[PDB]
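This report refers to the structure that appears directly beneath it.
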2 protein chains.
Amino acid sequence: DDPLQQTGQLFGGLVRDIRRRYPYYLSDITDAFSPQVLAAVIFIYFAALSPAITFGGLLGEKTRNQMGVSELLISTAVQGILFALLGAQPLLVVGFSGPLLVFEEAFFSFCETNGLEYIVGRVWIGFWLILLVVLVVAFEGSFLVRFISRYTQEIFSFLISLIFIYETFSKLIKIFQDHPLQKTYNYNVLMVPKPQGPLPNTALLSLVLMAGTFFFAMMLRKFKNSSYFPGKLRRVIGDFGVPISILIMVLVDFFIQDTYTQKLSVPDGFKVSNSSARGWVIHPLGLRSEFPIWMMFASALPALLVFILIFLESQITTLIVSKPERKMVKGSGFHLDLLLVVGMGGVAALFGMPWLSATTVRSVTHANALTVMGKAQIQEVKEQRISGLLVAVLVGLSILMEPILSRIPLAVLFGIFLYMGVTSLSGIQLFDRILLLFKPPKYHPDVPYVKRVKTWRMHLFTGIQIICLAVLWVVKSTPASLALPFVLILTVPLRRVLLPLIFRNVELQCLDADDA
Amino acid sequence: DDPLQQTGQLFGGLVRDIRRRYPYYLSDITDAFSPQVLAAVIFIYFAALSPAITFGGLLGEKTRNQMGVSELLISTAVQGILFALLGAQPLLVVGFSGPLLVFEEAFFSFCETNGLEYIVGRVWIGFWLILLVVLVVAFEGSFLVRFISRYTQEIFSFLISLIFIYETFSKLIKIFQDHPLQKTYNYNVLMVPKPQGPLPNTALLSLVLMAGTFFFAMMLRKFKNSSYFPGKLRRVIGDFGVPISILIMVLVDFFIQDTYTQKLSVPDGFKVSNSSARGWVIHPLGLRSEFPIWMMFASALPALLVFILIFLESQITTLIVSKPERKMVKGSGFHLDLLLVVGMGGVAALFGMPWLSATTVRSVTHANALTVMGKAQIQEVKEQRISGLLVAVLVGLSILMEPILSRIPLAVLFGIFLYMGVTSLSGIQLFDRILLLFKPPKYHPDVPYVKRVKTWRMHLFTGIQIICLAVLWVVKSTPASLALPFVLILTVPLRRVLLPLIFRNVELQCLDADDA
Ligand SMILES: CCCCCCCCCCCCCCCCCC(=O)OC[C@H](COP(=O)([O-])OCC[N+](C)(C)C)OC(=O)CCCCCCCCCCCCCCCCC
Ligand SMILES: CCCCCCCCCCCCCCCCCC(=O)OC[C@H](COP(=O)([O-])OCC[N+](C)(C)C)OC(=O)CCCCCCCCCCCCCCCCC
Ligand SMILES: *[C@@H]1O[C@H](CO)[C@@H](O[C@@H]2O[C@H](CO)[C@@H](O)[C@H](O)[C@H]2NC(C)=O)[C@H](O)[C@H]1NC(C)=O
Ligand SMILES: *[C@@H]1O[C@H](CO)[C@@H](O[C@@H]2O[C@H](CO)[C@@H](O)[C@H](O)[C@H]2NC(C)=O)[C@H](O)[C@H]1NC(C)=O
Ligand SMILES: CC(C)CCC[C@@H](C)[C@H]1CC[C@H]2[C@@H]3CC=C4C[C@@H](O)CC[C@]4(C)[C@H]3CC[C@]12C
Ligand SMILES: CC(C)CCC[C@@H](C)[C@H]1CC[C@H]2[C@@H]3CC=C4C[C@@H](O)CC[C@]4(C)[C@H]3CC[C@]12C
Ligand SMILES: CC(C)CCC[C@@H](C)[C@H]1CC[C@H]2[C@@H]3CC=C4C[C@@H](O)CC[C@]4(C)[C@H]3CC[C@]12C
Ligand SMILES: CC(C)CCC[C@@H](C)[C@H]1CC[C@H]2[C@@H]3CC=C4C[C@@H](O)CC[C@]4(C)[C@H]3CC[C@]12C
Ligand SMILES: CC(C)CCC[C@@H](C)[C@H]1CC[C@H]2[C@@H]3CC=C4C[C@@H](O)CC[C@]4(C)[C@H]3CC[C@]12C
Ligand SMILES: CC(C)CCC[C@@H](C)[C@H]1CC[C@H]2[C@@H]3CC=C4C[C@@H](O)CC[C@]4(C)[C@H]3CC[C@]12C
Ligand SMILES: CC(C)CCC[C@@H](C)[C@H]1CC[C@H]2[C@@H]3CC=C4C[C@@H](O)CC[C@]4(C)[C@H]3CC[C@]12C
Ligand SMILES: CC(C)CCC[C@@H](C)[C@H]1CC[C@H]2[C@@H]3CC=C4C[C@@H](O)CC[C@]4(C)[C@H]3CC[C@]12C
């Protein structure tokens, strides 16, 4: 009963993925009825919205507002609803990511250089993405995901978690750079788009609001595991640990009258970001000028890059989420989820909306938000479709409920991202082994890679993984960032051909195991 | 070998106190040679100086600068040196306290009403205090301290710890009240005594500097108990946990250029605070006017109140510090330490310097700073005279080393007081039982008052102690604050006559035990 197995018939894996999960569909609605699932919806909502506002803004700056916040909120909503209802692993959160923004900036810059319509060029990439995924799913190409071991999974999962933390701290630093601690400030600064000059108390209050939210969140996680108050009340207050932390620090900010803090800013209504540039439906043949015939064929090469990015990101996320370690019983599908994520992305491009991917930190946070703890060991995970569906609906309705969001500071949400980033580093053995570099070999745990293998060998293995982690980081900030998936693919040969001639067969097994 | 035993000969207890401890004098110098003792000196120095600047300032405001910061630094230094060299329990820290400030304000107000010289009136109280202590020590009156049980000790020790925490938070609130978070501030505010108006970033930076110092201090206490880095390095970094926390946040404040923070402010040189009012030596018969003869006899009644305040404060501190629970082997003296503290206080009054007392939180912090931890259980305490002697010398030289202190913010020291206040609530069983009110009865810790006594009876006992704690608090803020020692004395009858008719003899033993 292994999902990653070649049947030997066209669309064999996809049929097996549907036949496996869809018999649980009744359970995937009823199992939602518990207060922990409501606590997950509220937490994952802010986690899911915040990127759609951030990246949506950056897309508006870069692509001359031809694709903006409105487009990304509509895409994240509709794909989120459809995936929650049809998907084989509903705990996956579908949304925009850094590598996709890098491509849109790149493909726009290319279209402006050659004098092409950016938004029409996306429609053709969209058509190729539908053709490629249907071909890959037909011949069962998701069997190749079997070769992606824990080695590549953990390097990837750790890299995203560290960058997510770095990105959160970069936002705090930007406030201090915008609103420095000066002796004298200029009064009557215009604030109609944003504060024109620096302001007093803005940077230090933002620090307090971030630090406050993180503290409260980490304290309420400890309280859940403690032995204070009746057991029933302890779990409920623990389950709602994040949404209590957010409510407190939003009220703290509210009662402070004079000091300025930056709040959430959603679009006016459900409109295209630049009506002069485009509409809702885009004509493949062209809007203003006749779209060239060569690019209608040459759009396969950008479509191949976009496919590889969405595949590697989404399939590695599905492995990390659906590990044997985490108590997942209902099952996962690599063929059905891949067809939906890339298929919807191709159709989305026809309406000028961005294609998305199953993002790691949001997916992991959602799974960690729904998991139960016993005694420390995991008993069960609340595997349903409702938690995913509701977050997608709220992201859709975020424009209508602007009055509520306008009272929420961004500083408060930075504290929640720090909590997400730190909490994501749980099941990653690479993180566990990085902490053993500092511990004496006296107090190291009693795990196989600690008992069976020598300490200096274990550390060398951890060392080679940190070098891989450093090289991937450099590739991601250096302008050659679109060629990360290919550099991440080279982690698979390293593990299978180069490590075996350094380390012994028994050691590689113990250190990198499938089931642990 | 019980210190609190009547011999039946004049100055019997005092001779037994000297004969017991002075044979260890060689050990009380050599046992100082360890890096933990240096870490204690630096921590207890700031803890000892800060009150002498704070109360010294308040004394200057209240007594028309007839007794100020210079007088209190000189007194704390000279009495600190003499007590460290001669005292039977050198871990006691001698300095000014809240109840002594309440008396000086009261006795000044009385002298101004009746038209008497405040500073001369103190000289007579000083002479009575020498007469009373010599009489009490002769007839061995410190045997009465035997009747002060754990019941009264813990109520007292908890009350001082809570007030110390409340006082620390009151100082932070005062900065926000002085420097509110406004939209617009006035520039070119005069800062020659202090900021004349409010300032931007002053209150929020003070909050960050306090919160930062407390965080770092509590993190470095956890690191000491952890299993990270080599054991040798872990203890050294752990022992210097406070002085590392102070150095970090002082450097953080230093590199911030434009923002204002209030720093430590010591006197110019070793001078009397008001030279026009008084000199170094005070003539008992009078300075300007002939001192009245009735007040030379009536000064016995204020001297009796001052004696009771210094006795109750100092002797309860000596019990809490020299408990059987804490590994104290060299021994304590209630007769010798009482003679020194009150005797020096009487002589100090002749030079116009304040009489002091063995303060609880400073004494407890000093003992906790010098105690070793094994595996969690106490192995030993570094009982010496050097740690006490050095802090007294540094408080004396604090005026000369003004350049160093001028760089230290008060906000940083507020974080250190919060750490002291929280950490002081360790051995107090009342605090332990207050936490069990929130825990369910199955998660209780295994101890006699949990196994032998029923849960509802244990909670009633904790309840009656909280009522005693509430009444004492009200008495201390309400203008009748000088009559706290008498209300604290009434805790002894309560425990011995009223509790036995409510609770059973077995229960009172288990809940309130001498050795546990
Ligand atoms: C074991 C881990 C320890 C780590 C602890 C480190 C602290 C972590 C938290 C970071 C700081 C977050 C503080 C946010 C509070 C809101 C402050 C604010 O902006 O209010 C402005 C408000 C604004 O007041 P206002 O605007 O309402 O005033 C009325 C209106 N006017 C001004 C017009 C008259 O000012 C204050 O009065 C705030 C006072 C500070 C109160 C906060 C206490 C901080 C606690 C210190 C740390 C200790 C933690 C607990 C210790 C016990 C644990 C064992
Ligand atoms: C488990 C318990 C969790 C509790 C954690 C809660 C936080 C507790 C600490 C309280 C806040 C203390 C922060 C002090 C930083 C000093 C900032 C400052 O004033 O610098 C001004 C400086 C400016 O100084 P400057 O030198 O650049 O200014 C001069 C230059 N010109 C002239 C151009 C202006 O501002 C900054 O740029 C620094 C901002 C970053 C500060 C750090 C952010 C802290 C957020 C939380 C950290 C998380 C800790 C660990 C998490 C993991 C735990 C598992
Ligand atoms: C709306 O779309 C038009 C069409 O692209 C944008 O017009 C561009 O203006 C920029 C300068 O701001 C020029 O560099 C481009 O050549 C223009 N594009 C074309 C092809 O006309 C306009 O910038 C967009 N406005 C918004 C809302 O961003
Ligand atoms: C120095 O000492 C003199 C003597 O007490 C103080 O003079 C007092 O001045 C206050 C008003 O400030 C009057 O209420 C008192 O009547 C004065 N005292 C007497 C008896 O003359 C003076 O205030 C002190 N200055 C300082 C440094 O505080
Ligand atoms: C205003 C924004 C920033 C925060 C919104 C968070 C809100 C929706 C959260 C914060 C605390 C939450 C409550 C916490 C605890 C409980 C008890 C549970 O048995 C039913 C739900 C209920 C009553 C929650 C409802 C939702 C709630 C009110
Ligand atoms: C979402 C978009 C991209 C999908 C477009 C391709 C369509 C035509 C594909 C996707 C899923 C496919 C079906 C999945 C399952 C089966 C059952 C099998 O016994 C015969 C083939 C059949 C009927 C497949 C062929 C046609 C099908 C509907
Ligand atoms: C309410 C739940 C079920 C769905 C949540 C998403 C909803 C609120 C979103 C998703 C996409 C959105 C639509 C996207 C585009 C348009 C075209 C425009 O000319 C009118 C508004 C309209 C028709 C939007 C209305 C709101 C909408 C339907
Ligand atoms: C992260 C950047 C700075 C690169 C630094 C190299 C790091 C990641 C790795 C590469 C090889 C590693 C070393 C390999 C082998 C040993 C032997 C033994 O004593 C345990 C630690 C030690 C000494 C390792 C420490 C960490 C190490 C130095
Ligand atoms: C005003 C002066 C006396 C106060 C100074 C402290 C007093 C209490 C001290 C200083 C020296 C002390 C005495 C020195 C020597 C002895 C002899 C000894 O066999 C019994 C104790 C006795 C009698 C001491 C106790 C009382 C004493 C007089
Ligand atoms: C500037 C003010 C506010 C803070 C002063 C604190 C200073 C004196 C403290 C902070 C850290 C301390 C050091 C921490 C660790 C060690 C290692 C030990 O084996 C010898 C002492 C030594 C080298 C300490 C010396 C004193 C020290 C430098
Ligand atoms: C090194 C040890 C022994 C002593 C440490 C503290 C020293 C430096 C302190 C304690 C008390 C202080 C003295 C207190 C009072 C006066 C009177 C004044 O008109 C001149 C300074 C003088 C004389 C001070 C000099 C410094 C002093 C002696
Ligand atoms: C501000 C006031 C309330 C402080 C006075 C102390 C309070 C908290 C004390 C006084 C008497 C105490 C109660 C005495 C007896 C019991 C029965 C036990 O089975 C549960 C706890 C309970 C119900 C106690 C709870 C705490 C209590 C109410």
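The numbers here are math on the coordinates, done by the rules we state, and not lab data. Neighbour counts are summed over all protein chains in view; Cβ atoms, including those assigned to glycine, are modelled from backbone coordinates with ideal geometry.
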Hey, if you put +1 on the Cβ of every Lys and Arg and -1 on every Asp and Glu Cβ in segment A:429-511, which of A:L482, A:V492, A:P445 ends up farthest toward the positive end of that dipole?
-> A:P445
Sequence-distant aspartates and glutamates (8 or more away, or on other chains) whose Cα lies within less than 16 Å of B:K224 = B:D239
Expected integer from the mean partner chain Cβ neighbour count at 10 Å over B:210-218 is 1
At A:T30 and A:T113, where each label point lies 7 Å from the Cα along Cα→Cβ, what is the point-to-point distance in nanometres?
-> 5.9
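Other chains' Cβ within 10 Å of A:1-14 residues: what's the mean? Can you show the working numbers first?
On the way: counts 0, 0, 0, 0, 0, 0, 0, 0, 0, 0, 0, 0, 0, 0.
Across A:1-14, the average partner-chain Cβ count within 10 Å equals 0.
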Just list whichever of A:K194/A:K263; B:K222/B:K330; A:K330/A:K382; A:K183/B:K194 have alpha carbons separated by over 19 Å in the model shown.
-> B:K222/B:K330
Taking A:18-31, B:449-462, A:56-69 and ranking on average Cβ neighbours within 10 Å, highest first, one gets A:56-69, B:449-462, A:18-31
Surrounding charge for A:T261, neighbours by C-beta under 15 angstrom, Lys/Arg +1, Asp/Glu -1, total +3
Candidate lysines for bridging to A:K454, where Cα separation is under 25 Å - those fewer than 8 sequence places away on the same chain excluded | A:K439, A:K442, B:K232
Set the Förster distance to 60 Å, then compute FRET efficiency between A:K454 and B:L405 from the Cβ-Cβ distance, nearest 0.05.
-> 0.70
Gyration tensor verdict on segment B:429-511 (Cα atoms; rounded if a/c is under 1.5, prolate if a/b is larger than b/c, oblate otherwise) = oblate
Cα shape, chain B, gyration tensor, a/c 1.5 rule | rounded
For B:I502, place a label point 7 Å out from Cα along the Cα→Cβ vector, do the same in each other copy, and report the separations in nm, one decimal, smallest first.
-> 7.1
How well do other chains shield peptide A:195-206, expressed as the mean number of their Cβ atoms within 10 Å of each residue Cβ?
-> 4
Using per-residue counts of other Cβ atoms within 10 Å, averaged over each peptide, order B:325-332, B:6-13 from highest down.
-> B:325-332, B:6-13
What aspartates and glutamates could a cross-link reach from A:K451, if we take a straight Cα to Cα line under 19 Å and drop same-chain neighbours fewer than 8 places away?
-> A:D432, A:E507, A:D512, A:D514, A:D515
Centroid-to-centroid separation of segment B:376-410 and segment B:1-64 [C-alpha atoms, Å] = 13
Can you list, shortest first and in nm, the gaps between the label point of B:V192 and those of its counterparts in the other copies, using a point 7 Å from Cα in the C-beta direction?
-> 4.5
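Dipole of segment B:386-502, Cα-centred, from +1 at each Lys and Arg C-beta and -1 at each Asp and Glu C-beta, to the nearest 20 debye?
My answer is approximately 680 debye.
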Pairwise label distance in nanometres, B:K194 with B:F438, each label 7 Å out on the Cα-Cβ vector = 3.5
B:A106 label points, 7 Å along Cα→Cβ, one per copy: pairwise distances from this copy to the rest in nm, shortest first?
-> 8.1
Packing rank of A:122-130, B:109-117, A:91-99, where each peptide gets the mean count of other beta carbons within 10 Å, highest leading = A:91-99, A:122-130, B:109-117
Treat every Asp and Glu Cβ in the protein assembly as shown as -1 and every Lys and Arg Cβ as +1, leave all other atoms uncharged, and give the resulting dipole magnitude about the Cα centre to the nearest 20 debye.
-> 1780
How large is the charge dipole for chain A, taken about the Cα centre, if only the Cβ atoms of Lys, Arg (+1) and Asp, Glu (-1) carry charge, to the nearest 20 debye?
-> 1400
So if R0 is 25 Å, what FRET efficiency would A:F255 and A:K222 give, r being the distance between their Cβ atoms, rounded to the nearest 0.05?
-> 0.40
Approximate spin-label separation A:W473-B:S170, in nm, with each point projected 7 Å along Cα-to-Cβ = 4.9
In terms of the alpha carbon gyration tensor, root eigenvalues a ≥ b ≥ c, rounded if a/c is under 1.5 and otherwise prolate when a/b exceeds b/c or oblate, the protein assembly as shown is prolate
Among B:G12, B:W128, B:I44 the positive-end extreme of the charge dipole of segment B:1-152 (Cβ point charges) | B:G12
